[PDB]
Amino acid sequence: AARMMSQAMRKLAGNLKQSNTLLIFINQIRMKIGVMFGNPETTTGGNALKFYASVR
Amino acid sequence: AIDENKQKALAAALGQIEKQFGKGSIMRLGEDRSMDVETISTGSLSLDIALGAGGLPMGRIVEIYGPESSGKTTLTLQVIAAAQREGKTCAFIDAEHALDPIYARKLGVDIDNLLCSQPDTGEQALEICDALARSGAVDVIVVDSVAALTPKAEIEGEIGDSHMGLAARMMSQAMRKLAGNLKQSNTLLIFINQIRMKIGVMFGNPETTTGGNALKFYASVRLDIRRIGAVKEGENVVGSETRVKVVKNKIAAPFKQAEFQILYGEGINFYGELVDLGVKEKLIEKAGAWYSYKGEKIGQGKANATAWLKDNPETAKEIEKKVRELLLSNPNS
DNA sequence: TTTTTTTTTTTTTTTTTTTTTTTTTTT
DNA sequence: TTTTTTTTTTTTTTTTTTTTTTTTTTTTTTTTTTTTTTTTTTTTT
Ligand SMILES: Nc1ncnc2c1ncn2[C@@H]1O[C@H](COP(=O)(O)OP(=O)(O)OP(O)(O)=S)[C@@H](O)[C@H]1O
Ligand SMILES: [Mg+2]
């Protein structure tokens with residue numbers, strides 16, 4: 001799933017900007033395990049989307 | 001026309017499931033005989049009536065709880081004794097380390113065929129239950145005190161060390177694993193449990209049980225047993241007056257109760273019940289403190305009336321038969 | 001006029017997933 | 001200023017690695033259910 005997302009971010013970013021299109025992704029929350037520091041809350045579908053998003 | 005394509009689609013899907021997982025994987029509920037409720041005796045006739053379906057269900061989990069010296073162990077040894085008499089194999093996991101085998105023999109248990117285990121940890125005790133279930137060769141397993149099922153980490157650690165929710169987590173895992181295996185083997189699992197008090201609450205009951213919440217969900221029957229008085233021969237205390245309450249039931253209506261006598265050395269008083277059921281069903285006449293059967297006077301006081309039913313087995317056989325016919329809602333002759 | 005001959009050598013990684021469980025009275 | 005105008009494979013190996021030490025940077029819930037208890041009868045001295 002992460003690898004599919006990572007590939008879709010690369011393909012989309014350029015096309016959205018050229019068309020002037022806004023893309024909104026809704027995400028759900030999930031718990032991390034083996035975490036003593038910080039928040040145990042994660043989001044779903046990998047890390048690519050945290051880099052490519054302009055607003056979270 | 002559309003009905004036909006749906007019947008085929010269903011038949012194909014049913015075929016694919018049975019291939020992938022085995023023959024009995026999915027059936028119509030009406031044509032599945034493994035799903036029928038079979039029961040065994042408790043040793044008390046009044047309890048067999050209170051349970052509704054004539055006894056405790058095979059292939060299920062059962063919980064018996066109550067205060068100290070209420071008769072919990074004695075009641076489970078009477079279940080084992082009755083099952084052994086019908087040529088069933090029985091195990092006793094003694095986590096309390098407090099079973100007396102001479103008393104077990106006096107109650108009618110075949111000591112020589114009873115499989116016994118005194119395990120070191122809670123995990124060892126529940127792994128033996130899983131092993132004996134999967135075997136297919138054991139009918140009744142008793143686990144004496146959930147309260148004494150100590151996890152491994154708590155035995156290795158020292159007194160004072162906090163292990164919050166560790167025993168509860170172990171019992172949740174055990175239920176998940178045991179439930180499926182007990183049903184396939186048609187094995188009855190009885191858990192004995194102790195009462196503890198819950199602090200800082202005035203609304204509802206302050207009584208609770210050890211071992212967390214899983215066992216309340218998975219149990220098909222939960223019994224609350226309590227000592228409600230003494231049985232005397234003038235001065236000498238010879239036994240206990242006992243009340244069992246059916247607090248959860250999934251094979252018949254709950255919230256019925258049973259009253260019977262536990263006599264020290266003998267166990268449950270069968271003929272004592274037979275009088276009380278005979279009086280209730282108009283088969284025995286009572287004139288104050290005098291008992292009578294078909295005109296003739298059998299005795300005066302419950303003890304003499306019970307002593308009359310001992311040395312007249314013909315009348316005892318007759319009354320048992322009629323009480324069984326009348327009151328048992330699902331007889332199995 | 002007169003007639004062909006014979007292969008060579010690899011390149012480079014991609015991406016996380018998901019929570020479990022109560023415990024015990026005090027005058 | 002040339003033409004070929006149709007190709008083949010036919011079955012493989014590797015011969016056992018490093019890594020060479022991780023991150024964090026502080027969160028939240030957003031307000032529950034209870035659902036009705038027993039005790040079983042002590043002692044003073
Ligand atoms: N070996 C024995 N001989 C005579 N009476 C006994 C014996 N063991 C138990 N009893 C009596 O039978 C009655 C019920 O005892 P149990 O069946 O042990 O009840 P219980 O709830 O298992 O009690 P625990 O495990 O000690 S909290 C009590 O009055 C006991 O004194
Ligand atoms: Mg006991």
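Here is the naming used below: chain letters follow the sequence lines, and residue numbers restart at 1 for every chain. Side chains included, hydrogens not; waters and symmetry mates left out as well; all remaining heavy atoms used.
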Notebook entry, point to check: In B/S/- notation, 5' to 3', how is nucleotides 22-27 of chain C contacted by protein heavy atoms closer than 4.0 Å?
Noted result: BSBB--

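Each of B:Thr210, B:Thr208, B:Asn193, B:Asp224 was compared with B:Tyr65 under the side-chain hydrogen bond (donor to acceptor under 3.5 Å, both in side chains) criterion, and only B:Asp224 meets it.
Atom NZ of B:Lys198 sits in a crowded spot, with more than 12 heavy atoms from other residues, nucleotides or ligands closer than 6.0 Å. Heavy atoms of other residues, nucleotides or ligands lying less than 6.0 angstrom from NZ of A:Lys50 number more than 12.
Remark: nothing in residues 247-267 of chain B comes within less than 4.0 Å of DNA chain D through any heavy atom. Residues of residues 218-233 of chain B having a heavy atom closer than 4.0 Å to DNA chain D, listed by number: B:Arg226, B:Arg227, B:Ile228, B:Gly229, B:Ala230.
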Return all side-chain donor-acceptor pairs below 3.5 angstrom for residues 151-175 of chain B, not counting sequence neighbours, or 'none' if the list is empty.
{"from": "B:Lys152", "atom 1": "NZ", "to": "B:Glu156", "atom 2": "OE2", "distance (Å)": "2.9"}
{"from": "B:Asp161", "atom 1": "OD2", "to": "B:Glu158", "atom 2": "N", "distance (Å)": "3.3"}

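Looking only at distances, a side-chain donor or acceptor of B:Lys248 sits under 3.5 Å from a matching main-chain atom of B:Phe217.
A negative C1'-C2'-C3'-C4' torsion places the sugar of C:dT1 in the south, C2'-endo-side range. South is the pucker assigned to the sugar of D:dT38, its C1'-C2'-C3'-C4' torsion being negative. Using the sign of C1'-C2'-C3'-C4' as the criterion, C:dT3 is classed as a north pucker.
Residue B:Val231 shares its hydrophobic cluster (ILVMFWY side chains chained together at separations under 4.5 Å) with B:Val238, B:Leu263. Grouping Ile, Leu, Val, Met, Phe, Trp and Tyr by side-chain contacts under 4.5 Å, direct or through others, puts B:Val201 with B:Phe203.
Using a cut-off of 5.5 Å between ring centres and 30° between planes, the six-membered base rings of D:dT19 and D:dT20 qualify as stacked.
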